[PDB]
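See below for the structure under consideration.
Since every read-out is calculated from the coordinates, none of them should be taken as a lab result. We place every Cβ from the backbone using ideal geometry, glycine too, and count neighbours over all the protein chains shown.
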Amino acid sequence: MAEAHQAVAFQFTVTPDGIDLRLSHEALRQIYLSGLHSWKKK
């Protein structure tokens, strides 16, 4: 049923060496489609 990957799609961590940002392939799918509708007229 519930999965950690589904619960979180983006992770941001600050380290002494810099910053790290991780995103799941699933997070990408939502973002492209959401944008596709954004360009499209309502």
Restricting the range 20-42 to residues that are in a helix (DSSP H, G or I) and small (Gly, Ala, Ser), the residue that is farthest from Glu3 (Cα to Cα): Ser38
Contacts under 7 angstrom Cβ, first residue in the range 1-27 being free of Cβ contacts under 8 Å to residues at least 24 places away in the same chain, partner of a type in the set (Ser, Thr, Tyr) and surrounded by 10 or more Cβ atoms within 10 Å (Cβ to Cβ), 6 or more apart: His5/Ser24; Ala9/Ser24
Which listed residue is out of contact with any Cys (no Cβ under 9 Å at 6 or more places or on another chain), not aliphatic (A, V, I, L, M) and not in a strand (DSSP E or B), from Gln6, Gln11: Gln6
Candidate set from the range 16-41 (those that are among the basic types (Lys, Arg) and surrounded by fewer than 10 Cβ atoms within 10 Å (Cβ to Cβ)); member that is farthest from the chain's Cα centre (by Cα): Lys41
